[PDB]
Each structure stands twice: as structure tokens, then as C-alpha cells.
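A.B. asks: Quick one: this structure, given as C-alpha cells, is what I'll be asking you about.
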Amino acid sequence: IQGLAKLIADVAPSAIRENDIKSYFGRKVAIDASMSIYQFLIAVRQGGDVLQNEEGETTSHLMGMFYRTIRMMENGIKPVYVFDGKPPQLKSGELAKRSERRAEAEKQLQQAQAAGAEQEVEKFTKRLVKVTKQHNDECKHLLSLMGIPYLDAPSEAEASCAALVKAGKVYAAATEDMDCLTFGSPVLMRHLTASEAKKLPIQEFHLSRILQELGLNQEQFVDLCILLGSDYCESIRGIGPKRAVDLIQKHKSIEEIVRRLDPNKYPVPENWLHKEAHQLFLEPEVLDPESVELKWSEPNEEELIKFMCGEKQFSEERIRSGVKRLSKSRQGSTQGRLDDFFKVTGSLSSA
Amino acid sequence: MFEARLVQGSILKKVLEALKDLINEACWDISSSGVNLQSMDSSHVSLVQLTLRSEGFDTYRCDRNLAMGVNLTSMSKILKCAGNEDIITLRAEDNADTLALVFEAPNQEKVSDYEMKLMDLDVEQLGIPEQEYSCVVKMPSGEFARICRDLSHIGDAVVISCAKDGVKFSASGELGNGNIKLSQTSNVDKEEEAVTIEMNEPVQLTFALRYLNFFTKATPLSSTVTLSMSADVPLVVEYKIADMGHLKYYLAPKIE
Amino acid sequence: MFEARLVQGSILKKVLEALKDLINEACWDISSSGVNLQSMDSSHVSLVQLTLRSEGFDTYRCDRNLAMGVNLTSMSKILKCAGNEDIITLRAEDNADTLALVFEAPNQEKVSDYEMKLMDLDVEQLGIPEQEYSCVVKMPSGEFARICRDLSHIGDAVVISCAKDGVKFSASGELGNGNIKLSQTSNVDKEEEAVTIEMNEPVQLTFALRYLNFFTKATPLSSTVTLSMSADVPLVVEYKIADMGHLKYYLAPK
Amino acid sequence: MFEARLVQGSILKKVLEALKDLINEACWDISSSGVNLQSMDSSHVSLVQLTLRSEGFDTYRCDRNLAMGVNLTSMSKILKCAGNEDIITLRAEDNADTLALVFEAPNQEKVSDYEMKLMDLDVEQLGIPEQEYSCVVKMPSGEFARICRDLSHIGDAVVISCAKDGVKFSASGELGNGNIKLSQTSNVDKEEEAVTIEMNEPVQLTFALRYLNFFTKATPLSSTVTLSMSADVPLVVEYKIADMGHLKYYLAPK
DNA sequence: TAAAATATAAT
DNA sequence: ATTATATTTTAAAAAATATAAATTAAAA
DNA sequence: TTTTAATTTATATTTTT
């Protein structure tokens, strides 16, 4: 969703909590896998190299989410890596549009390696990235040997993360985009990293506090994300985020705003798909949350040395110390939560 | 509408040295019956119940109920300006955007006015029942701070076991396991060394210990720590001020 | 040959702890009148004028007007070797380009002989015109140290408003607005409990606090500090060094 | 089966903050005579020989000559839990690899029982023979600690030269050079502020000063440092710990 | 997927 | 006549490592 | 109260291949 985080930071800053990584210690958090795979296949470049092994198989994402998942058990957060499956059809053009953007980057690659300027070669090696069933199957195999539960979504996995939060299984979704707040997840994580403790603090977004402090429900929040720029369908040209809140806070639904808004001032797009996008954001084709059970198992040692370091030709002391840290951090007492014991009998605002 | 002249800077200085790092912003609830703070940790595991009664403040008036939301790092850095014997006057007027901390020197020579800015804050309050506690140990406060500082080197958790032979703080980690055992000293029951164990049921609870280290920065406030705990209820670390109110610290146990 | 004995060597220890963070390299001017230092700091904001007269030295003997290019971090590290009761003897030969500091013990059992290399550096002596300052306050240096130390927690600007009734130190920042007021104390001009004010007209200036904390670092020299200010002149922070010399700090108002 | 209880265990505390920084992991060779640590540096330059005899252990009971390898960072972090006046009882098992430590308060209600993970490593025996040393000095501990700490600001090496008049520590570097001379005192006291020298032949020796800074962490143990040296042998820094044992620190001269 | 910069535009 | 807004365009990590820095508890 | 002396801690390098 284009600019929802800046909108919530400008309008209702009390719905964003700037929490630390180490403060949780035992919170079940679903993770969008593919965004983390893109982060670990963009940032882990040294430069012109891919950080792959000697045989050429790309393995930077495996070690990146290996160390990230290890530091999430070290900080206590138990992850659920939800993987992306078949996308919805309304995204199917737009992702294709995203792919031809990569094709344009492909075009700009013949001004990258032909001239010889290595900085543009790195800057478009970071932009020719694409997740693959090989990458997803390698990462699912890795999380099989960690014992971290992985879920292959039958739809867009942001909606499946919001379904796992909405079922009460996991507390929050670790997707950095603002799609999950529109999809229906109450609590959203952002910048859930490992080493950047204070450079990128954890931005916890509460959808209940958003809908309380904006006077909205889920229907007009979905409509709000349609007007201010949605990934699924096109938005109206004349309405940015400030006009989106100023015209959702005075008229509730999207039928009333598509009737009384004139085409001379703010013209609607000629192919309106706001009802189909509202149906795909309200009632997506998510997985059954109670059909799957989230169990965290102990990591298999020698299988993780055989897969993680055998054909990837990494070290052994570093990975073995990481698995030892995961086994030390997992085997322990889960920290209780104070909301379970004392009921919230009221709230106090500074007046 | 709110004026509160209190003759010693040590109480508010030690309160904000206690609360400068466990919690990072909080919303003080001020009525005519006293100044309360039921603040909730960002880690969602600790609660602070601070109460400074109106009879404790030696010149207290408050026209209406008023809640102010301050950043306690800023309030601690501004109460760090006051000395250990200064007279602190809290003032908050109509449309309270600033809170005035006035530090009067006891020699009547230096007056220090500080207009700390506030912010709009919404902190939820939790429900505390007046409940009977299974094991209540009264300890010297420096002793309990010493025990938490000792066991923090061992591991990240403490196992407090209460029984008729005494209390036992255990800690297991990479170094090993340490068991600090304390007997109820019935023969020596003075002001400082006053380990008294009220005993209803033998309990054994695992708490975190970084939050106990955050709790034991309240140790210059009083010389007595009242650790009150039931078999599954979060424990209370009460720093009973002989002048005014209490500083109760509620911490949830770790469940296997 | 420069020779300068000082029984109270903790005085020189406090001087080189005062001028450590301000001045990296200094040009000491040594004359028969005594020790002088007119040096401007590394960020080129505050001027420093140290003056140790020859009466306070128990044995002072110099011949020429020597210029000493001394790294003050090096002299601070070498003067950290002396104790609080050690006797410090500064010596410098004419042909040798080194400064030798000899620390005699108070019971005369630990003779220390340090030698420090002297670098070549530009003469920063530009002088200063003296002024008859309007607001001159003679107030305890512990209280000034406390005032600058706790107003540095708010911002980097102290507005001093000086008048006949009292002196106000204000500091507005991103987390509060401090206002410290000091009135005149009628306590027969004690060493640590006297805020005595002399006045021409009520005045108001604004100063930085990084350099005011750097001047706060000089507070073990004197129990009472004199702050002098007038209309758009540098502030004088003067520490009377045990009736031997004075260390004056000049701060350009912001 | 092994017991070693001593009423004041601040001795054992100050041993662990004496030698927690030189050695990462060392083998306590525990026999019926007592504890004889004999190991070397983590960089394998300086040797440490700790001897705690069983006379000052107030109840000592050992049956087998064990050799247990303690992590000294872990042992020092465990002994940071004890206060300066806790009765420390070391307990051990012939089967279990746990070193138990019981701290008892002077007000006997706070009983602390810390176990320790061990290690079965075997360092090689570098048994230095004892010879008739030529030069030996006996200084205050704070004096030698001050000398090492204030010559470490100058350079990495010190030249110790002892003669009939006294001892001289000479450091050099890009800060400059420094000579510290200590004469033999005329018997002011037995242990407090007294330097006594015994002499056979004049020799000057060059030592590293970082290892001497690590050696001077044993200065709160005893009030007397007994430096012992001769021509082309390691310096022996000896701490006679309360007439109970000795901590010997061997440094190979450069 | 995200944010900023800056020319452009209308309330 | 700033306010918005949609254009262009950048950006995505985490290990240890050594090293400089700001507390904090220890030690006067 | 005031300094030291450690004691983490927030920067900032470098390969992690």
C-alpha cells in the first residue's frame, strides 16, 4: 500500500510503538518469507558477486535467514515463515508490469556491463533479483532442518499472515508492507531485523488503535487503501493519502464516493476493479489456520551441516555455534505475559 | 491547578532513577488524594504501581483530576539537576503543556525552574485486585539488589523457591548454577536486617532477571523489599516508603 | 635555563586537566615574570589565558622568553604521573628542545624524572584588549559547575541574564526549559558560599555549553569563579589559582 | 570429597581479579599441600604461579591430587558474587565435574552455593627452577602499581635498573621518556611505605609494560611487591598473600 | 517491498 | 501559495572484528 | 561526592563467498 506507513506516522502516531528486538521473549510472529528472501538476495551482495558457492548455486538468502532466525530465537521470537504461493489475478497483470520493469532493468543492463561502470552493475544486480521455486524450496528445506514451521499459502501470503494473526495463533505478522493491515491483521511488525537494534527499531502497528484513532472499521480501511494507492487495483488519480483520509472520514463506503465525485475534478479510472479488490482484501483465498498446527522442533545437527555447509561449502564452526545458540535459546522457559494475568480494566489518556 | 511542594529531592530523584530505564514513557495520574502511576512496560511483562499520597507532599493541592504523559528519561534528566536535599515543587496550570519543576535550595540561595514539555500519551491501566499472597518475604533492599546483581552474571532467569526453611534464589546458565539461600531471621528483626517470611504455601517460580535488575534500581528509596508472590500470580516487589505511598513492581513468571 | 619549583603540584595537575579537552597543542610563553599561555582552542571559539606569576613558585629562575610547543594531551598524561602532594619542577635547557618535569615526593622517596619532546607550532598570540566589565559575578565554582553540568542536559545554549537582584541561567531545548536563579548571599564573603555581584547595567547574552562544560572542567583550581560580561563581548570565566595566578577563559557569545 | 573453607575469602576474590585477565583458562592443581596454579599467558609470554597453602585455609581436607581446569572469567564472575567478608568453602567431587563454592555471610543467613563447569585440559608443566637471584626489591603495592600505570602512558617497555642507591624504572616512547627513582627507606615500617633492596650485582633489564599492568592487578592482595631478577632471567613479581601463600608472576625480559 | 526529491498541480 | 501529489530516483543484512565512547558500578 | 577502571555499547570497518 503506497504511503500508508507515512500516513499513520503523520496522522495517528500513537498506533505505532517503537519497541526493541529483545523486549518480547516468547511471542509468536508470522513472517512473510519472500520479502525476507528479497532482502537477503539484495543486501548480501559484496558487489559484483552474488555470494554464491564455488559451483554457482545462490546461497546468500539461506545464510541470511539462517542468522536472522537464530537471532530471533536468541531474542525469543518464535517465527512462522509463511511462503508466497499462487498470487491473485488482479496482481497478475501488475506483477507482470513489475517484471517488465525488470525487463527495463535488463535493457539498462546493456548500459551497465558494456560501459564497465561497476557501480551501476551492482545497482542493477540488486534490481534483477527474482525469487524462484529453487530458492523457496531451499529455504523450506532449511526451515525443515531448523524445525521452524513453514506455510505455503494458496494465495498471497500477506493475507495468510493476516489470517494467522486473525485466528489468534500468532500475535503479529512480520511483513514490512502495509498490505497486512488492510488484509485484517491487528498487530503488524516492521523492520524485524537481527543486528540493527537501534538503527531500525521495531515499528509495531496496531490496527485496533488505527481504527480507533481514525474512526474507521475494516470496510472503510480497505476502501482507504484502495483510494490512496493499492497493489491489487488501480487508484483514483486526484486523491493522495491526505485526500483519502479527508474523504473517508466524511463518507464511509466507496459506492458513495464513486457516485458523488465528479469526473471533471477527480476522474475515476476507466477500468474500475474496486469491488473485486475489496473482495480480495476482505475475503481472500487464505489457508485454513486451524488445519495446520505450529510446532517448533529441535534443529537436526548433522543434517544441517550436510545441507547448509556440505553442498554450499561454508564453514563449520560458525554454523555449529549458530545451531548451538539456537538450541540454547529454544530450550528454556517461555516468558509469561502480564496481559494474561491482570485484566485491562480501563485506559488513561493524558488530558 | 496542581501544586505539590515536597521538602526533599531524594524521593523523586530515586523514583525517577528507578523508572528511567525499566519504562521509557509514562502517564502520571494526579488526583486530590495523591499522585499515582500505574504504568505498563513496553516489554509487556512488568507493571509499576507508584503511589505518593497527598499527606506525603508537604504542601499539596489539586483542583481537578489531571493525567500528564511524560518521557521519564527527560523527567529523570531534569530531576538530575536537583540535589539530594532540594525542595521540589511540582506545578501544572490550565491547558497543561508544560510541567514546572522548581528546585529550591535549603540554604535559600538557588532556585531552579524547569518547564518540561509534555506530550499526548495514552497508557492503558491494568486491574490489580487486593489479594492475599502465598509467600511474602521482607528483605533488606541492598541485599535483594545484591542477589539480583550476583545472579545476573550466572544466567538470564531466576528460580525463587519459598519454604519454611527460607527463600532460595537459583540461577542456571553457561557458568553454572548458584543458589542464594536466606533464612528467616526471627532473632535479629531490626530495621535493616528484617527477613520475615509470611508462609501459606511453598512456591517455586521462575522469573526473568533483567527486569529484576531494573526493579532493584529502586533500592535507595527504602531499606525494605516486600516480595509477595503466589504459585502462578506475578510477583510484587514493593518498596514501602515510610513517608508516602509505595513503588510496587509486578513481574510475570515464566511458565514451562 | 628554565627552572620552576612548585610544592603544590596538584595545582599544575588541575591546570593540565583543565586545558586538556580545550587545547590540543599549546604555546607556553615563559618569561621572568612567570608562566603565561594565550592559546585559542581547536575549534577556534574560546580563548585561554593562563597566568602563573613567579611569586607563587617557590624557586623560579628563567633567562630568556622561551616559547614551548607542548602537546597538552602529552603534558596531561605526564602530569597524571604526579600525585596530589608531589612537588613539580619544570626544567628546560637552552640547547635542548625538551621539557623535563621532576616530581619529588612529599616525604622525598620517589624522585620522578620525566622528559617531554616539544614540537614546533605557530604563535597563536593575538592578544586581547581588556574591558571594564559591566556584570562581574564572584560566585562559587561548584555551583557554576553544577549549573553548566545540569543545563547541558537540556540544550547547548545558556542565556545569562545578569541584573542587580540576581543572575538567571536559562536553557531552552527539545526536552524542557531550565531557569536557575541565584541571588546575592550575605554570608561575609566566604570561599564557597558567596555570590557577590557588581553591576553597571542589566545584560543578557547567549553562550554555547560544550565550551562551558570545558570551562567547568577547570573548577578544582578555585572554589570561587568570576564571570564577567558586557554588551557583546566574550565572557570571562576566571579562576584565581590559589593567589598565584589566574586562568581566564574568553567565550564568544552565540 | 575436597573441602577448603576460609573465613575471609576476599583473598580468593582478589586472586581472581588478579589473574582473570592474563589467563582465559587455567588448571588448578589441587593437592593436600594446597592449590598450586602454574600456567602461562594466553599469548604465552608471562607465567603465573599461584600457591595457596593449606595452613590459612581454615578447614582444608583433600584426599586426591586433582587437577581441575577452571574458566577464570567464569570463576571471577562467580567470585564477584561473594562480598569482601564471606566465608568461602570450596567443595568438589571426584566423579562430578562441578566446582561448588559456598559463600556465607557474617550475619549467617545468606548462604550462596555456586557450581562451576570444569574442563579436563592438561597444560604442559613449565617448572621453572629456583636459583639464587641477584637483585630483589620489596616495595609498596600501590607504589609499583602507580609506577607501572603511569609509565604505561609513555611506552610499551620499561628498563628496571637496581643499584646501591635504589631502583630506577625508565620508560621511553613518542610521548617522551621518564625515569622513576626510588631510594631504600630507613625502616619507617615493616610493610607500609617501605622499599628495601638486596643486592648482588648491577644489572638493567627491559620488560614489556602491558604484562606489568596485568601483573599489578594483584596489588590489593599484599601490601608488598617483591620483584626478583638477575641477568637474563625472568622477573619474579612476588605477592606474599597474608602469610598464607604466594602469587609469583614471571616475565621474560626483552 | 520501502522512502525521499523535486517538478507539478489544485484546493 | 503553501499544500499536496505524483513524478523521477535511490534503497533492503549480519555476522565478528577492533576500536573509540558513554555510561554504571566499584573504590575511594 | 569523585574519579578511575573496567564494562558494555553504539559506531564503523571488513569478508560472510
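When the header is checked for method, it gives electron microscopy, 3.5 Å.
Cβ atoms are placed via backbone N, Cα and C, with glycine included.
Okay, these came from Swiss-Prot:
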REGION    C:7-100  region 'Interaction with NUDT15'
MOD_RES   C:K14  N6-acetyllysine
DNA_BIND  C:61-80  DNA-binding region
MOD_RES   C:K77  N6-acetyllysine
MOD_RES   C:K80  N6-acetyllysine
DISULFID  C:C135-C:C162  disulfide bond
CROSSLNK  C:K164  ubiquitin cross-link
MOD_RES   C:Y211  phosphotyrosine
MOD_RES   C:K248  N6-acetyllysine
A.B. asks: For the recorded positions listed here, C:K14, C:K77, C:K80, C:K164, C:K248, which shows the highest count of neighbouring CB atoms within 10 A?
C.D. replies: C:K14
A.B. asks: Among the recorded positions C:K14, C:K77, C:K80, C:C135, C:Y211, which ones place their C-alpha within 10 angstroms of the C-alpha of C:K164 (ubiquitin cross-link)?
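C.D. replies: Among C:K14, C:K77, C:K80, C:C135, C:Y211, the ones whose Cα sits within 10 Å of that of C:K164 (ubiquitin cross-link) are C:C135.
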A.B. asks: Which one is closest to C:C135 (disulfide bond) in space, judged by CA to CA distance, out of the modified residues C:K14, C:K77, C:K80?
C.D. replies: C:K14
A.B. asks: Translate the DSSP assignment of the residue listed as 'phosphotyrosine' into the three-state scheme.
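C.D. replies: Looking at the DSSP assignment, the residue listed as 'phosphotyrosine' belongs to a helix.
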A.B. asks: Quick one: pull the CA-CA distance for C:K14 (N6-acetyllysine) versus C:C162 (disulfide bond), whole Å only.
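C.D. replies: With the alpha carbons as reference points, the distance is 29 Å.
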A.B. asks: What does DSSP say about C:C162 (disulfide bond): helix, strand or coil?
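C.D. replies: DSSP assigns C:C162 (disulfide bond) to strand.
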A.B. asks: What are the DSSP helix, strand and coil residue counts for the region 'Interaction with NUDT15' (C:7-100)?
C.D. replies: 18 helix, 40 strand, 36 coil
A.B. asks: Given the recorded positions C:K14, C:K77, C:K80, C:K164, C:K248, which pass a C-beta cutoff of under 8 Å against chain D? Sequence order please.
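C.D. replies: Sorted by position along the sequence, the hits are C:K77, C:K80.
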A.B. asks: I need the nearest neighbour of C:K248 (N6-acetyllysine) among the recorded positions C:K77, C:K80, C:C162, using C-alpha distances.
C.D. replies: C:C162
A.B. asks: Can you give me the Cα-Cα distance between C:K77 (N6-acetyllysine) and C:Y211 (phosphotyrosine) in Å, rounded to a whole number?
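C.D. replies: Between the alpha carbons of C:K77 (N6-acetyllysine) and C:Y211 (phosphotyrosine) there are 22 Å.
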A.B. asks: Only counting partners 6 or more residues apart, tell me which same-chain residues put their Cβ under 8 Å from the Cβ of C:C162 (disulfide bond).
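C.D. replies: Same-chain residues close to C:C162 (disulfide bond) (Cβ under 8 Å, separated by 6 or more) are C:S134, C:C135, C:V137, C:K168, C:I197, C:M199, C:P202, C:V203, C:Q204, C:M229.
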A.B. asks: Including all protein chains shown, what's the count of other C-beta atoms within 10 A of the C-beta of C:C135 (disulfide bond)?
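C.D. replies: Excluding its own Cβ, C:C135 (disulfide bond) sees 24 Cβ atoms within 10 Å.
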A.B. asks: Same chain only, sequence gap of 6 or more: which residues have a CB within under 8 Å of the CB of the residue listed as 'phosphotyrosine'?
C.D. replies: C:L22, C:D41, C:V45, C:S46, C:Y249, C:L251
A.B. asks: By the DSSP assignment reduced to helix, strand and coil, which category contains C:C135 (disulfide bond)?
C.D. replies: strand
A.B. asks: What does DSSP call C:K248 (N6-acetyllysine) in the simple three-state scheme?
C.D. replies: strand
